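**Q** Have a look at this one.
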Protein chains: 2
Amino acid sequence: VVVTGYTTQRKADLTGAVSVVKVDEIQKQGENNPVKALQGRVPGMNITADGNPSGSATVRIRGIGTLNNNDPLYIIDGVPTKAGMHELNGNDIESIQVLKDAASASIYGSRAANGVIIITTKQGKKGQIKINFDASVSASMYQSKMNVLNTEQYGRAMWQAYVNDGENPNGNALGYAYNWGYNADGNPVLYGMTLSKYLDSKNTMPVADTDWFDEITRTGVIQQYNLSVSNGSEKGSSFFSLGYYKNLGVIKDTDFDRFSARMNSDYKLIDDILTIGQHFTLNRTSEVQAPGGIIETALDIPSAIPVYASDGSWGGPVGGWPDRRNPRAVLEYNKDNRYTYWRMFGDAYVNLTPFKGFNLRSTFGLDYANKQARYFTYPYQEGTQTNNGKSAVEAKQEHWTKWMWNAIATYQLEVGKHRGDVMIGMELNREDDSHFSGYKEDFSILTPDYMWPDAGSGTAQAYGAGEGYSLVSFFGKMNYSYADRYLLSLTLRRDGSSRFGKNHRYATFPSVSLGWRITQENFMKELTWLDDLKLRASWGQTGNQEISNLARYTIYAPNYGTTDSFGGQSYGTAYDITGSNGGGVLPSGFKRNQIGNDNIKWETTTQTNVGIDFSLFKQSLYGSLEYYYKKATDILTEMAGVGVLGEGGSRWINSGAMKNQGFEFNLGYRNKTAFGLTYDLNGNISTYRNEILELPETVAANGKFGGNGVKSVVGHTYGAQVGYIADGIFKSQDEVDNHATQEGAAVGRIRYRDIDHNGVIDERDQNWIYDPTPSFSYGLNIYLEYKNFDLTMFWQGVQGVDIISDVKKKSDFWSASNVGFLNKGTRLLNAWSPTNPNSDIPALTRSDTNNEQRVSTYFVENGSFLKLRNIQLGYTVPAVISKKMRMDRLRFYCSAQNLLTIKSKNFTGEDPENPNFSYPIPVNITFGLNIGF
Amino acid sequence: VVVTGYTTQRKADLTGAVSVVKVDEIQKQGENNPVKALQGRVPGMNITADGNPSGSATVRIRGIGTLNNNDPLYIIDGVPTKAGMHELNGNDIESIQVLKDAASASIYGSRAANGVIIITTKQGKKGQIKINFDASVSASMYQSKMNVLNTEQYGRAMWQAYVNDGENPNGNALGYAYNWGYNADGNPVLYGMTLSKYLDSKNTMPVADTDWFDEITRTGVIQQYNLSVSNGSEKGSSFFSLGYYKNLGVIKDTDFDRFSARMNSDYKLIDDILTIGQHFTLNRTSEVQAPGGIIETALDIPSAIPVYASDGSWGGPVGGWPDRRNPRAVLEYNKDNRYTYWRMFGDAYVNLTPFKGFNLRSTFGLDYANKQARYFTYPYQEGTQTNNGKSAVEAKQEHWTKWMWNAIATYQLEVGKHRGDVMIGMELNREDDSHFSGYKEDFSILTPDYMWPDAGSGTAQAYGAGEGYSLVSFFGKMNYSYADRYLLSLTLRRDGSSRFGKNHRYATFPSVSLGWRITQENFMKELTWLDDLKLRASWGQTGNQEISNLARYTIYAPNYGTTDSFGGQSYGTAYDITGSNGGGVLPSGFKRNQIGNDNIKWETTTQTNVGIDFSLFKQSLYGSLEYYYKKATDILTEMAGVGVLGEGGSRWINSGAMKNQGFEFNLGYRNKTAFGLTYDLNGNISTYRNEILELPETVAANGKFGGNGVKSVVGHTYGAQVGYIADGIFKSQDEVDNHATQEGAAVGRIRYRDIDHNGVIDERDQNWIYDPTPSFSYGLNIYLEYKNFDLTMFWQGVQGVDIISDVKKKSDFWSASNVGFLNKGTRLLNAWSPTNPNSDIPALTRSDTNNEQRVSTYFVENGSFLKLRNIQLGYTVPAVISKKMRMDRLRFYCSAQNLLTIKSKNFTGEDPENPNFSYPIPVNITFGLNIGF
C-alpha cells in the first residue's frame with residue numbers, strides 16, 4: 001500500500017508511472033541528501049551533483065522538460081516545498097514514491113509538470129517499543145587531481161614558445177636564464193636553464209616550487225550520529241528521532257553540519273471516528289561556503305610563487321607574472337563567512353468518519369525558515385594584488401513562510417465484484433518571502449568579532465525586498481475495477497494561481513488512465529510459469545506556473561541614482577531644476593522598468609504513457625517496460641521591446657514547444673542458491689531523446705538556448721552547440737597548398753575541413769558537433785548474502801556522452817586565455833616539434849596567430865563512463881551473544897564510496913563526470929555500526 | 001508529590017517556603033499570562049501590570065530585594081529562561097511551584113536570589129485517551145476615563161485666571177470674546193462669553209468640542225481557542241496541544257495575537273532502565289505597540305481642536321495653542337509597526353537505572369527566539385506641527401539562543417525507619433544574543449508595502465551588536481527523616497559564571513534546613529481534634545549575578561564621530577593632520593569608554609525563615625504562618641571617576657545592603673453544609689517592611705535611589721521621597737503675617753509649615769512624606785457549589801498605601817507644566833474664589849508666582865483599595881444528556897473581570913492602582929464554554 005497524493009491505494013493497483021523506491025538502501029548509501037543517495041536507482045531521472053559537503057543535487061525527471069526552471073516538487077507529509085532536502089533529516093524515511101507520469105501526478109497540482117517526489121516519514125507500529133542507534137566515522141581522500149607543470153617544465157615551455165617565435169628567449173620579463181644553441185639540423189636545443197634567487201629587484205619574495213593542489217587540500221573527516229525511538233498501541237502511536245551530521249570538505253576551510261529533530265504521533269479516540277495527528281521537524285545547518293573559482297585559481301597561478309613572503313605575509317605575483325590572487329589567501333580570508341539556517345515543518349490532520357467507509361480530513365501545513373549570515377571582506381597585499389585597504393561587513397537576513405489548508409472527503413464502496421473510491425476537496429496556499437541587509441565600511445581591528453556594524457566609521461547602505469504568491473484549487477479522483485480485471489481511474493483538477501493574468505483566473509487539467517490484467521483472464525491459464533502481467537496506458541495534461549512574480553504588472557521604479565553604474569548610463573530621475581548646481585535636495589521621478597501583458601498563461605504539457613508489467617517463475621524476474629511521449633506547448637520567453645517602444649519593452653510572452661520520448665526498463669532477480677547463499681540483482685536501463693519543436697522569434701537566432709548565434713535551434717535538441725571541425729595538424733610542408741586558403745597556416749595550427757569546398761575558411765562551415773543528451777543510461781545494484789555476512793555493491797554508468805572540456809583549452813594551448821604567462825596543465829610539454837612529429841598536440845606559439853579558440857571538434861570528448869558508487873560489507877553478530885545483552889540486532893559494517901572508474905580511450909582528463917572547474921568528487925571510506933534494540 | 005529543582009519529594013515533606021499553587025483556577029481567570037492570572041493567590045509576591053493586550057507583568061518575590069534588576073527566574077521543564085511567559089501557551093500547566101525561600105531555592109543557582117518560579121507542563125495519564133476543547137469570546141469596555149474640561153469651562157478657566165491677574169481677558173491670543181463687568185462687592189462676574197467661527201485668520205480649521213478620550217477609544221473584542229489531546233500506556237505517554245488567542249485593545253489600533261503548539265512524550269523501554277522523553281513548544285506572537293505618551297497626549301490637547309481640517313487632513317494647533325500633536329494622527333500613523341516573534345523550546349532527558357533505586361539523567365535544553373520588525377515614520381502637517389517632510393524605515397532583527405546540559409545522579413535507600421536521597425550533578429549554559437538593523441530615507445509613495453529599504457533615495461545607516469554569557473557549576477542535596485518525625489535537608493552548590501572577575505571564578509553557596517512534626521509525637525495524642533502540625537526552619541545563602549557583561553574589561557571604543565552629538569561635545573578621534581581641510585580620508589583612534597575592576601563579585605543574600613503549619617477538624621482549616629529575614633550584602637553601584645581620572649572613570653564596585661522582614665499567613669476552609677451546598681474559602685494576608693542598611697558614597701547623596709538630593713537615604717526605606725508639607729490655603733487676609741516670611745503669599749498659594757520655626761521657608765523644612773511599601777496586603781478567593789451550578793468570586797486589596805499622583809498636578813493647577821494653555825482635568829473649575837471660600841483647591845493664577853511644583857504632601861493620596869478581580873458563574877450540563885452525545889463533560893459558563901472597586905475618601909481620581917499615565921484597565925465580560933470528551 002503506497003501513498004499517491006492524498007489517498008492510499010494497493011501496491012498492485014497503480015495505473016500511472018508511479019516508481020516506488022526501496023528505502024532499505026538509503027541508510028546504506030551513507031549520505032546527507034537522500035536524493036543524492038538515489039543517483040541511479042530509478043530510471044529516467046538524471047541526478048547530478050558535486051562533492052560539496054552540503055550534498056545538493058540538480059534533479060531532472062524524465063529528461064529536460066522546459067527551457068526555464070524545472071526543479072521537481074517534493075512533498076513531505078502532505079505539505080509541499082520546492083526547496084531543500086539537503087537540510088532535512090535524511091534518515092526518517094518510510095517510503096519515497098516518485099510520480100514520473102503526468103496522468104498520475106495531475107492530481108497534485110498545476111505545478112506538477114516536472115514530476116513530483118512524494119516522501120513520507122516513519123510511524124509507530126502496533127505493539128512495538130523498538131529503539132535504534134546508528135553511527136559512522138568516515139574519511140575523505142582526494143583522487144582527481146589535475147596534473148600541472150612545475151618550474152622546470154614552465155621554463156621549458158616558455159623557451160619552446162620563444163624559439164618557435166624565433167625571438168631570443170633570454171629577453172623575457174621573468175627571472176629566467178637560458179643557455180641554448182642551434183643544432184646542425186636547424187632545430188634549437190636548450191642546453192642549460194637557470195633560475196634567479198629572488199623574484200624582484202628588492203628581494204622580497206624567494207622562488208620555490210609550490211604544489212597548489214596539495215596546498216589547499218586536506219583529508220577531511222566525516223562524522224554521523226542518529227537515534228530513533230518508536231511506540232504504538234491500539235489507540236495511539238508516536239515516534240521521536242534525533243540526529244547530527246558533520247562534514248569537513250576536501251578543500252580547506254569549508255564544512256557543513258546539521259542538527260535535527262522530529263516528532264510524529266496520532267491519536268484515535270471514539271471507535272475510529274476522531275483522529276488527530278501531527279508531524280514536526282526542526283533543523284539547524286551551518287555551512288561555510290567555498291568561494292567562486294577556487295579550483296580555476298589553483299590551476300591558474302604559476303608554481304614559482306611561494307605561499308609566504310620573507311615575513312609572515314602571503315606571497316604574490318610581484319611583477320611580470322599575471323594578476324592571480326594567492327588561493328591559500330582566498331581560503332584563509334573566506335574562513336568565517338558562516339551562515340545559520342533554521343527550518344520548521346508542521347501538520348495537523350483531523351480525521352472523521354460519519355457513518356462508515358466515508359472519511360473527512362482537514363490538514364494545516366507550515367514551513368518557516370530563516371537564514372542569518374555575516375560576510376566579511378578584508379584588506380590584502382600580495383605584490384601588486386591589493387584591495388586598496390578596504391574593510392566592510394554585510395549582515396544579511398532572509399525569511400520564508402508557507403502555509404496550506406485542504407479538506408478532502410473520500411468515499412469507498414464494495415458491492416458485487418466492483419469497488420470504487422471518489423474524493424473531492426479544495427486547497428489553499430500562501431508564500432511570504434523577504435530579506436534585508438546592512439553594510440558598513442573602514443574598520444580598525446580585523447577580527448570576526450570586532451567587525452560588527454557599530455564599530456565602523458565609513459559609509460553605509462541598506463537593502464531589502466519582499467515577495468508573494470497565492471493559490472486556490474479544487475480537485476477530484478475516481479477508481480474502478482469491476483472484476484479485479486479492468487482497472488480505471490479518472491482525475492480532474494481546477495486550479496487558479498495568483499501569477500496568472502487578468503483574462504483568466506482558473507485553469508483546468510483533465511486526466512484519463514486505464515489498465516487491465518492478463519493472468520486473471522481464463523483464456524491464459526495454460527501459461528502456468530507466468531504469474532502476473534499487467535497492461536497500462538494513460539493520458540494526462542499538467543502545466544507548471546514557475547513564471548516570474550511580475551509578469552502581468554507593468555513595473556515602474558524610482559531609481560534616483562544612488563546605486564552605481566559604470567560608463568555613465570545611470571538611468572536616473574533626479575534633474576536639478578532652478579540651476580542650483582549643489583545640495584542634495586533634488587526632486588525625483590519614476591522610470592519604467594518593464595511592461596507586462598495581461599494574457600499570461602501556464603506552461604501546459606500533454607504527456608501520454610504505455611507500460612507493461614510482468615512477474616514470472618514463482619514471483620521472480622519482476623520488472624516493467626514503459627514508453628512515453630510528452631509535449632509542452634507554451635514556454636515563456638521574455639522578448640526585448642522593438643525600437644520605438646524605448647526603455648522598458650521586455651514583455652513576457654509564451655510561445656515555444658519541446659517534445660521528449662524514450663524507454664525505461666527495470667528488472668530484478670532474487671533467488672537463493674544451493675551453495676548456502678542468497679543473491680538479488682536489481683537493475684535498470686533508460687533511453688532519452690529530445691527535440692525543440694518551434695521557437696518564436698530572433699531569440700532562436702542569437703542562441704540563448706542552442707547554437708552559438710550562427711544556426712537556428714529549431715529541429716535539433718536543446719543546448720546543442722555548433723562549431724568547426726578539426727581533423728589534424730599541418731604535419732607536412734605541402735599542407736599549406738594541399739589545404740584551401742587558410743588564414744593562419746603554419747607547421748602547427750590545426751586544419752579545418754571545407755564544407756562548401758570553395759576555399760571556405762569562412763563562418764559557413766560549422767555544423768552540429770555536440771548534443772548532450774546521451775543514449776543508454778543504466779545502473780545496477782548487486783546484493784549478496786552468505787551465512788552471517790552481507791555484501792552490497794553498486795555500478796552506475798552511461799554510454800555515448802559528449803562533453804565540452806575547458807581544461808583541454810588550458811592544457812593543450814600555450815596562449816588561449818586572455819592574460820599571458822599563466823600556469824597550464826602538463827600535457828602540452830609533449831607538443832608538436834620538428835624532433836617529435838608523432839603527437840596530435842599543436843605547436844607552442846606565443847600569440848594567437850590562427851584563431852584556435854573557436855568552438856570545434858577538438859574540444860569534444862567521449863564522456864561515457866562506468867564507476868562504482870559504493871560497496872558495503874557488513875557482519876551481523878549472531879543470536880545468543882546479542883540476546884545476552886538484552887538487545888535485538890548488532891552490526892559492524894564497513895564501506896567505501898566512489899572507489900574506481902573506467903572510461904574510454906577518447907578522454908585525456910581526470911574525471912568523466914565534471915571535466916570543468918567544479919567542486920571535486922572525493923573517495924569516502926566508512927567504518928560504522930548499527931546498534932538495534 | 002511536587003517538583004523542587006531536579007527531584008520530586010512528597011507533598012508533606014517540604015522544609016523551605018515552597019508555595020504550591022492550585023492550577024485549577026488559572027484557566028478560570030481567563031487571561032494570556034498565567035503570572036498575571038495569579039495576581040494575589042500567593043502571599044509575599046507583588047504582581048503589577050496594565051491592560052496591555054500582551055499582558056506583561058512586573059513580578060517581585062518577597063518584596064524588593066536588590067536595587068538593580070530583580071526579575072525572578074522561571075523554569076519551564078528543566079530549561080530556564082528569565083524572559084517571557086506572556087508569549088508562552090498559558091494553558092498547558094500541570095503545577096506551578098513558587099520557591100520563595102533561599103534555603104530551598106539555593107539548589108537551583110546563584111541566580112536564584114530573587115526566588116524561582118518552577119513551572120511544569122502536562123503529561124499522559126495511564127489508560128486515558130481524553131480530549132478537551134475550550135473557547136471564549138469576550139468584550140472589553142472602558143471604565144476609568146479621567147474627566148476633562150470642554151470649551152466653555154476652558155474659556156471660564158482662562159477668564160478666571162486673567163481676572164485673578166487683573167489683566168483684561170479679552171486681550172488673549174486665542175479666539176475668545178468676553179463680556180464681563182464688576183459686581184458691587186468688587187468681585188468680577190463674567191456675563192457673556194462668545195467664541196469665534198474659525199481658529200485662524202485664513203479660515204483653515206473650524207472650532208468644535210471634541211471628546212479625545214472618546215475618540216481614541218473603542219470597544220475591543222477578545223477571542224480565544226484551545227484543543228488538547230492526551231494518551232498513555234504502561235510503556236509510553238504523549239500529549240499534543242494547540243492554541244489561539246486574539247486581543248484587540250481598548251485604545252485604538254493596538255492588538256496582540258498568539259499562535260501556539262506543544263508536543264510532550266516519553267518512552268520507557270526495558271523494565272524501566274531506559275527512558276527517553278521530550279518537551280517542545282512553538283509560538284508566534286504579533287503585537288502592534290501603543291506609542292509613548294498617548295494617554296498624556298489625549299489629556300494635554302485642548303478640546304477646541306477638531307479631528308479633521310476643512311479637507312480630509314488632520315487638524316492641529318494652528319496658532320497660539322500649544323504644540324501638542326493630534327493623538328488620532330499618532331494612532332493612525334503607528335498602525336503598521338507590527339513585529340513578529342517566533343520562539344522554540346526543547347528538552348531531551350535520558351533516564352537510566354543500573355541496579356535499583358539509583359537513577360541517572362542527562363538533559364539538553366534549547367531556547368531559540370527571533371524578532372523581526374519594520375518601523376515606519378511618516379510626514380505630517382497639522383498647523384505648525386510638521387516633521388519637515390521626512391520619510392524613513394528601520395528594519396530591525398534580533399536573535400537569542402540558550403542551551404544547557406546537566407547530568408544528575410540520585411540515590412535512594414530505605415532501611416529501618418530511615419530514608420535518604422543524595423544526588424550530585426553538574427550544569428552548563430551559554431547565551432548568544434545578537435541584533436542588527438538598517439535605515440533608509442526620503443521615500444516617494446507612502447504605504448507600508450512600498451516602503452522597503454530598496455525603494456528609497458536618501459542616506460542610510462546600519463547598526464548591530466552581540467552579547468554573551470557562560471556558566472558551569474556543581475551541586476548536591478540530601479534528605480533524612482529517621483522516624484517520620486525529624487526531617488532534615490542539606491544542599492550545597494559550587495558555581496562560577498563568566499562575568500565574575502579574574503580574582504575568583506567559583507562561588508560557593510551553602511544551605512541548612514530542618515523541620516519536625518508534632519502530632520506524631522506520642523505525648524500529644526490527647527489533642528485529638530488537631531490533625532497535623534509541622535515546624536520548620538531554614539538558613540540559606542544565595543546571590544544573583546545580573547551584573548553588566550562588561551564589568552571587568554576596561555572597554556576601549558573607536559568613536560570616529562559619525563554619530564550625532566548636540567552641543568559640539570562629540571568625543572571623537574579623527575583629527576585631520578597634514579592640514580588638508582577636506583576629504584573623508586582622516587585617520588582614526590581609540591577613546592576610553594569605561595574602566596573595570598578585576599574584583600567584581602555576585603550580590604549575595606543570606607535569608608532565614610521560620611514557619612508553622614497546621615491542619616484541624618478532620619482535614620480542614622489548613623494554612624501556614626511564616627516569618628522571614630533576608631539581608632543582601634553586596635549591591636553594585638557604578639561610581640563616576642573622581643577628577644584627575646578624566647574620561648572613562650565609571651568603575652563598577654559592589655557595596656550596599658538592604659534588609660527585608662515580614663509575615664505571611666494563608667488559610668482555607670472547605671466544608672459541605674446541610675443546605676445542599678459546598679463552599680471553599682482560601683485567603684492570605686501578607687506584611688512587608690524594608691530598610692536600606694548602608695549606601696557607600698555620594699550616590700546616597702544625590703538621590704538616585706531615595707530622597708531627592710536633599711536627604712540621605714540610609715536608615716529609611718527604598719524609594720522614599722522627601723518634600724514639603726502643605727496643610728491648607730491662605731483663607732483669610734491675616735494669614736500673610738500669621739505665617740512666617742513666605743516668599744509667595746497671596747489669597748491662594750498653599751501654606752508650608754515651619755519645622756525650625758525661624759521664619760524658615762528655606763530648603764531645611766523637608767521631611768519623609770512618602771514610602772511606597774504598604775502594610776496589610778491581602779486577598780480572598782471564594783468558591784460556591786450548589787446543585788448543577790458553580791460560582792467563583794475573588795477579592796484583592798491592600799490597606800495603607802501612599803502614591804504620588806501627577807494627574808493631580810494637571811487637574812489642580814492652571815500653570816504647573818512648562819507650556820501654557822494646556823487642557824486640564826475638570827476639578828479646578830471649583831477652585832478658590834472670593835465667592836466660594838469653601839474649597840481646598842488653590843486659586844487660578846496665570847504664572848507660577850509661588851513655587852507650587854515642589855514635592856509636597858499636597859501630592860500624596862491614599863492608595864488603599866479593594867476590587868473584585870473576577871467573578872465566574874458556570875452551569876454543568878447533567879449526566880445522561882451529555883452521555884447521549886458520547887462525551888464526558890459539557891459547560892456553558894459566563895464571567896466578568898474587574899467589575900467594581902471601592903476606595904477611600906482621600907483620593908480624587910479614577911483608578912487607585914495606576915494614577916499616572918499608563919495603559920488603562922478595562923472591564924472584560926466573557927461568555928465561554930468548555931467541551932470535554
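Ligands are numbered from 1 in the order shown, chains are lettered A, B, ... in the order of the C-alpha cells, and residues start at 1 in each chain.
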Please produce, as a tab-separated table, a per-residue contact table for chain B versus chain A (criterion: any atom at most 6 Å away, only C-alpha atoms considered), showing the nearest atom pair and its distance in Å to one decimal, sorted by chain then residue number.

**A**
```
residue	atom	partner	partner_atom	distance
B:438	CA	A:462	CA	5.7
B:453	CA	A:463	CA	5.3
B:454	CA	A:463	CA	5.2
B:457	CA	A:560	CA	5.8
B:460	CA	A:461	CA	5.3
B:461	CA	A:460	CA	5.3
B:462	CA	A:438	CA	5.7
B:463	CA	A:454	CA	5.2
B:464	CA	A:453	CA	5.3
B:560	CA	A:457	CA	5.8
```

**Q** Could you pull the residues within 7 Å of stretch 679-693 of chain A, counting only C-alpha atoms, minus those fewer than 3 positions along the same chain, as a ChimeraX atom specification?

**A** /A:43-44,63,657-672,714-718,773-785

**Q** Name all residues at most 7 Å from residue B:303 (count only C-alpha atoms; drop same-chain ones fewer than 2 positions away) and give them as a ChimeraX atom specification.

**A** /B:150-151,209-211,301,305

**Q** Please dump the current selection as a PDB file, in the first residue's frame; keep N, CA and C atoms.

**A**
```pdb
ATOM      1  N   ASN B 150     -14.273  70.876  28.831  1.00  0.00           N
ATOM      2  CA  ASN B 150     -14.530  71.171  27.432  1.00  0.00           C
ATOM      3  C   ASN B 150     -14.443  72.686  27.216  1.00  0.00           C
ATOM      4  N   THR B 151     -14.974  73.177  26.087  1.00  0.00           N
ATOM      5  CA  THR B 151     -14.640  74.510  25.580  1.00  0.00           C
ATOM      6  C   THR B 151     -15.173  75.632  26.470  1.00  0.00           C
ATOM      7  N   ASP B 209     -16.128  70.845  19.725  1.00  0.00           N
ATOM      8  CA  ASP B 209     -15.932  70.356  21.086  1.00  0.00           C
ATOM      9  C   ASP B 209     -15.697  68.854  20.970  1.00  0.00           C
ATOM     10  N   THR B 210     -14.437  68.474  20.795  1.00  0.00           N
ATOM     11  CA  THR B 210     -14.070  67.092  20.536  1.00  0.00           C
ATOM     12  C   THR B 210     -13.748  66.380  21.844  1.00  0.00           C
ATOM     13  N   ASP B 211     -14.285  65.173  21.999  1.00  0.00           N
ATOM     14  CA  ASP B 211     -14.003  64.338  23.159  1.00  0.00           C
ATOM     15  C   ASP B 211     -12.840  63.419  22.812  1.00  0.00           C
ATOM     16  N   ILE B 301      -4.103  67.986  24.896  1.00  0.00           N
ATOM     17  CA  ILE B 301      -4.536  68.837  23.780  1.00  0.00           C
ATOM     18  C   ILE B 301      -5.886  69.465  24.112  1.00  0.00           C
ATOM     19  N   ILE B 305      -9.772  71.844  19.300  1.00  0.00           N
ATOM     20  CA  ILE B 305      -9.146  71.392  18.052  1.00  0.00           C
ATOM     21  C   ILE B 305      -9.998  70.289  17.437  1.00  0.00           C
TER      22      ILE B 305
END
```

**Q** Quick one: of B:599, B:31, B:417, B:101, who's nearest to residue B:627, counting only C-alpha atoms?

**A**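 Among B:599, B:31, B:417, B:101, it is B:101 that comes nearest to residue B:627.
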
**Q** For residue B:843, please output as a compact mmCIF listing (two decimals) with N, CA and C atoms, in the first residue's frame all residues within 7 Å (counting only C-alpha atoms; exclusion window: fewer than 3 positions along the same chain).

**A**
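Final output, out28.txt:
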```txt
# COMPACT_ATOMS: atom_id res chain seq x y z
N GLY B 748 -4.46 82.73 47.43
CA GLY B 748 -4.33 81.29 47.25
C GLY B 748 -3.03 80.83 47.88
N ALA B 831 -12.42 75.97 42.04
CA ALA B 831 -11.27 76.40 42.83
C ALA B 831 -11.67 77.50 43.81
N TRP B 832 -10.68 78.02 44.52
CA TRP B 832 -10.96 79.07 45.50
C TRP B 832 -11.26 80.38 44.80
N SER B 833 -12.28 81.06 45.30
CA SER B 833 -12.71 82.36 44.81
C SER B 833 -13.16 83.17 46.01
```

**Q** Which of stretch 655-738 of chain A end up as alpha helix (DSSP H) when DSSP is run on this backbone - answer as number ranges by chain?

**A** A: 699-702, 735-738

**Q** Let me make sure I understand: among B:708, B:734, B:245, B:898, which one has the smallest atom-to-atom distance to residue B:855 if we use only C-alpha atoms?

**A**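 Closest residue, counting only C-alpha atoms: B:708.
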
**Q** Just the residues within 9 Å of residue B:929, please, counting only C-alpha atoms, with nothing from its chain fewer than 5 positions along; format it as a list in words.

**A** residues 133, 134, 135, 136, 874, 890, 891, 892, 893 and 894 of chain B

**Q** Which neighbours of residue A:339 fall inside 10 Å, counting only C-alpha atoms, when residues of the same chain fewer than 5 positions from it are skipped, and could you give them as an MDAnalysis selection string?

**A** chainID A and resid 285:289 371:375 396:397

**Q** Can I get the selection written as a CSV table (one decimal), in the first residue's frame, with N, CA, C and O atoms?

**A**
```
chain,number,residue,atom,x,y,z
A,285,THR,N,21.4,24.1,10.1
A,285,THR,CA,22.6,23.9,9.4
A,285,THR,C,23.5,25.1,9.4
A,285,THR,O,23.1,26.2,9.7
A,286,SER,N,24.8,24.8,9.2
A,286,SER,CA,25.8,25.9,9.4
A,286,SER,C,27.0,25.7,8.5
A,286,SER,O,27.9,25.0,8.9
A,287,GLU,N,26.9,26.2,7.3
A,287,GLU,CA,27.9,25.9,6.2
A,287,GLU,C,28.7,27.1,5.9
A,287,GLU,O,28.2,28.2,5.7
A,288,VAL,N,30.0,26.9,5.9
A,288,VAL,CA,31.0,27.8,5.3
A,288,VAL,C,31.2,27.5,3.8
A,288,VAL,O,31.5,26.4,3.5
A,289,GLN,N,30.9,28.5,3.0
A,289,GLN,CA,30.9,28.2,1.5
A,289,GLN,C,32.2,28.4,0.9
A,289,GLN,O,33.0,29.4,1.2
A,371,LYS,N,17.5,32.7,7.7
A,371,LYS,CA,18.9,32.4,7.4
A,371,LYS,C,19.7,33.7,7.7
A,371,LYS,O,19.5,34.7,7.1
A,372,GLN,N,20.6,33.6,8.7
A,372,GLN,CA,21.4,34.7,9.1
A,372,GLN,C,22.8,34.5,8.6
A,372,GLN,O,23.4,33.4,8.8
A,373,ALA,N,23.4,35.6,8.1
A,373,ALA,CA,24.8,35.5,7.6
A,373,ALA,C,25.5,36.7,8.1
A,373,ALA,O,24.9,37.7,8.5
A,374,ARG,N,26.8,36.7,7.9
A,374,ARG,CA,27.6,37.9,8.1
A,374,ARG,C,28.9,37.8,7.3
A,374,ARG,O,29.8,37.1,7.7
A,375,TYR,N,28.9,38.4,6.1
A,375,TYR,CA,30.0,38.3,5.1
A,375,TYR,C,31.0,39.4,5.3
A,375,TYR,O,30.7,40.6,5.3
A,396,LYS,N,23.4,40.0,6.3
A,396,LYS,CA,22.2,39.7,5.6
A,396,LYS,C,21.2,39.0,6.6
A,396,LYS,O,21.6,38.6,7.7
A,397,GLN,N,20.0,38.8,6.1
A,397,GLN,CA,18.9,38.1,6.8
A,397,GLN,C,17.8,37.8,5.8
A,397,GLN,O,17.4,38.7,5.2
```
